[PDB]
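Coordinates in review
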Amino acid sequence: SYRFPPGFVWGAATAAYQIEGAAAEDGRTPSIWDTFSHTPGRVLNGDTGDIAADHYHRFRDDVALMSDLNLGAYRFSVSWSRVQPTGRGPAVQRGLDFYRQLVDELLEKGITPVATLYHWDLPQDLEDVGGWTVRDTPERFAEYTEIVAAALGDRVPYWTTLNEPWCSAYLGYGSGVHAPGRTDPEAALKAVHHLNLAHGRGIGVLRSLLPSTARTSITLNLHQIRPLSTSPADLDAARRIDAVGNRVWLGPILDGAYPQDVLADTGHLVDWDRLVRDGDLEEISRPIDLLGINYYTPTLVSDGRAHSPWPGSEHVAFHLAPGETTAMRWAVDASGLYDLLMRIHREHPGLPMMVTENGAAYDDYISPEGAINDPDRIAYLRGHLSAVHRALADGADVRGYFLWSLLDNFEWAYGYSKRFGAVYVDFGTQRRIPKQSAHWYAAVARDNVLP
Amino acid sequence: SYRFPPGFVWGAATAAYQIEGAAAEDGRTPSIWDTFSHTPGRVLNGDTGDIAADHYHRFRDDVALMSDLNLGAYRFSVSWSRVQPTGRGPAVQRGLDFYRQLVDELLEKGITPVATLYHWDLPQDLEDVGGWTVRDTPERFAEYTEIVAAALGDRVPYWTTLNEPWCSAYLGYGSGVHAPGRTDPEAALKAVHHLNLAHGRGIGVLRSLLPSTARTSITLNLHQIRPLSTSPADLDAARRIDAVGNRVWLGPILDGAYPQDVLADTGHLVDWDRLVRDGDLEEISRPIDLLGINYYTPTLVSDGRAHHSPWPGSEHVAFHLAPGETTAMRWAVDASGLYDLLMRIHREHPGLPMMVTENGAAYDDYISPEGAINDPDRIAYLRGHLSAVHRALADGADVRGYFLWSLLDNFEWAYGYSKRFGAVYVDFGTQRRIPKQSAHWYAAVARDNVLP
């Protein structure tokens, strides 16, 4: 008996390169993840996004599936290279027509489209001349944003600039396990500021084209960091990780300035005075309408002093938080969701929130009876949705929840070895099969109540 | 060269009883202002809203005027008694059809409708059994909200629950110069909480009917209070007026609780423990999408005891005319009050978007023998105050739109028709609308997003 507020948005989320496939069709140039997944030893078993879920060709069936699950909204990504090849020049209408048809198919079924402009699929041609480390990429993102907004502004009421820039910046250029695969602390931090500048400049473009009732937003995988103990050394660890992992986004975007402590922690690795130019923070800190929160597992840190995606805090040790583990070996702790929601409520009482991603990977299999039983995923969702309910009851302004994912997916460096979707996908045949969680989540989206 | 942000909403604002007229047509029961204006000595010269600007019959011409002015949005009020006579029972479709047509006419011209559910026109039948002093009125406002939202939710992307509840509560039941005309400090404060409860209950209904992209809001005439000096007595005066005039709304709606200092200042005049029941503040403090700000003139106060009031518990506070030019209302012209008010809400609530839902000035407008209505003082006023919004925006204020009061000359409540706020002159003898010099100036602003 967990009744949610009236008008609470129930949706599911996907990503362009993760479901679409058709990487080379209709003029789509390769993205940085096309080059990455096609590099030996960068993705498990050499899996690539060439085919993935073949959503480019099967989107009409998937939208009908979304309707069967009583989804109120659907969150997707727009492929930069598919709409604007190379990252410069005019757009290919053939690529734009796919997203035009997808949106129209969603509106016909009564589903609210939620578009993510960038979701780690940078055009390889742009990475070839600097990527997010160079200052021209935010200018290319602005022009690309104008293209998509002009085409879909009339129909899409929710627009997200960036999805999890922490991974794009640090996993892409710091530890090198994602996006282009570079390993350089200075590069990772230049990406941070240029991702912020891209988001900012992207908001300015959106405001000048989309209707005023539409909501702009950015989606952040905000790490919910608990210290291993109350010792001041462990508290500084939590602070360091929060400074370089979270407040490099929350700071400039919401407060209009980088926190002085993260400038100190990383000052030796990058020259902030030449990186941040006059006018950048005014651009980055444009008013936004909504904050997208991605949560999966808490972060447990301690003072480790006795290639890293945390520049300046390599001495911080990380630990597996207690509780059950998903197939990702991630801790299952719904309190982290509550804490993360309450933090933003306490620190930013006027900023509405939506859980743009939340899910879990498990060893899903088709039984000889044709059933895919995932009670652990139901348990996970029931747990974490209680946290949202409890946060809501305690004053948190949570407007929507999006399950990751709608389909089994190309889980980046894990390839297809990890299944997050509520709908099973047999990649051999592309058959869609609803899991036990799909029936459970459909009742939630239909009744606005937790069974 | 005051270039405004992209997507800045430019609009004008009106009120139901002030322009519409047709008070008794199509089944509209009398409102509290119908009874009030028809009471001898309550409105100047006995003016009533029976006819007003006759907008009920001339709305199509007015919408064409809005298009001529390059308006991006239009803010209006919905008459409670016209949609739902008596305040209970089913709605009259004939009344709903007017607002359906108005919205459709606006959408055809590409103008964004902004609907104010309540704008001081309480059904007289509801006042007859307590009005805002009794607890049933907020429940009647909920049902009334459900009617309008169901009918217009698909088309209206901006919804305001209440417009200036300070006047409804204090001018209506405290000093008795407005709404039903009662004079009782306890009544005024019971209205405060029940207006808050009505706003709250109204938001819950809106959320269950409107699309998620629609924006809910409340409009507050937040008094921008400066103390006459730094003396602690003058600072307490400023504090008292801010507690009973402003933070009785900002508190419960945004912070979820009434401030203890206003509970102390007024505790002797009303029993808050009997007034506020379990669940009221949860209702009142529903998340909001936008704050509507009405500003006209600053408030200059001092402790008068040191060399019928609409401020219960602070009757000892003296009020003074702030320096600067004066409008026809003899209100101080000080654009700094707008900036300060915007910056305050920015500092105290950094995440709440704002819109100036009302801002204007009254002046002695006249038609020259050449047929011209020259109001350079209104242009000066608007140019000044729009600069304040510009600087606030530049200093980080999240201001989303600006609405000029008013589109037309109107029935200005107790002042009758003696005060002209509109950018478009209205000759009430013939009901002809004639654009003033400021209308041409404001049309350029709304078209270019730049101040000439």
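Calculation notes
Residues numbered from 1 in each chain as written, not as in the entry; some residues may be left out. Chains lettered and ligands numbered in written order. Heavy atoms only, no water. Helix = DSSP H or I, 4+ residues; strand = E, 2+ residues; numbered from the N terminus. Contact = heavy atoms within 4.5 Å. Buried area = accessible area lost by both parts, 1.4 Å probe. Salt bridge = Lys/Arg side-chain N within 4 Å of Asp/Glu carboxyl O. Polar contact = N/O pair within 3.5 Å; in protein donor to acceptor, adjacent residues only side chain to side chain. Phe/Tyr/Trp six-rings, centres within 6.5 Å; stacked < 30°, edge-to-face > 60°. Buried < 20%, exposed > 50% of the residue type's maximum accessible area, 1.4 Å probe, protein only. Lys NZ or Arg CZ within 6 Å of the ring centre and 35° of its normal.

X-ray crystallography is the method the PDB entry states for this structure, with the resolution given as 2.30 Å.

Labelled according to the PDB entry, chain B appears under the name Beta-glucosidase Bg10, originating from uncultured bacterium.

Looking at the PDB entry, chain A carries the name Beta-glucosidase Bg10, with the source organism given as uncultured bacterium.

**Brief notes about unusual backbone geometry**
In this chain, A:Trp404 is followed by A:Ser405 through a cis amide linkage whose omega measures 5 degrees. In this fold, A:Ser405 is placed in the loop between strand 12 (398–404) and strand 13 (423–426). A cis amide bond links B:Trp405 to the next residue, B:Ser406, at an omega of 5 degrees. Mapped onto the elements, B:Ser406 comes out in the loop between strand 14 (399–405) and strand 15 (424–427). Positive phi outside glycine occurs at A:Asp26, with the angle close to 60 degrees.

**Here we look at the interface of chain A and chain B**
Interface size is often expressed as the accessible area that is lost when the parts come together. Listed as interface residues are 20 residues of chain A and, on the opposing side, 18 residues of chain B. Counting each side, the surface lost to burial between chain A and chain B is near 1,500 Å², with a carbon and sulfur contribution of 45%. Its largest share of buried area at the contact with chain B, chain A owes to A:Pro6, A:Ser212 and A:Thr213, together 32% of the area lost on that side. Counting across the chain A and chain B interface gives 3 salt bridges. Linking B:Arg400 and A:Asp289 is a salt bridge whose minimum nitrogen-to-oxygen distance equals 2.3 Å. For the pair chain A and chain B, the interface holds 6 residue pairs in polar contact.

**Description of the packing of aromatic side chains**
Per the counting criterion, the structure on display carries 62 aromatic pairs over all chains. Aromatic pair B:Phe4 and B:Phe8: ring centres 5.1 Å apart, planes at 50 degrees, arrangement tilted. Each of the two residues, B:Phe4 as well as B:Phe8, counts as buried. Taken together, the ring pairs in this structure connect A:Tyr17, A:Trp33, A:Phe36, A:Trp120, A:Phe410, A:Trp412, A:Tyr416 and A:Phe427 into an aromatic cluster. Across the ring face of A:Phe98, the terminal group of A:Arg82 is positioned such that the distance to the ring centre comes to 5.8 Å. One residue, A:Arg390, lies across the ring of A:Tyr338, its end atom 4.3 Å from the ring centre.

**Remarks on the pattern of salt bridges**
Residue and element names in this part refer to chain B. Following the criterion strictly, the structure yields 79 salt bridges over all chains and no others. We note a salt bridge from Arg94 to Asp26, for which the minimum N-O separation is 3.8 Å. With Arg94 in helix 5 (residues 93–108) and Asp26 in the loop between helix 1 (16–19) and helix 2 (32–37), the pair connects residues that are 68 residues apart, well separated along the chain. A residue is classified by how much of its surface remains accessible, and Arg94, at 42% relative accessible area, is partly exposed. Linking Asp236 and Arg239 is a salt bridge whose minimum nitrogen-to-oxygen distance equals 2.5 Å. You can see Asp236 and its partner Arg239 sitting in helix 10 (residues 232–245), 3 residues apart, about one turn around the helix.

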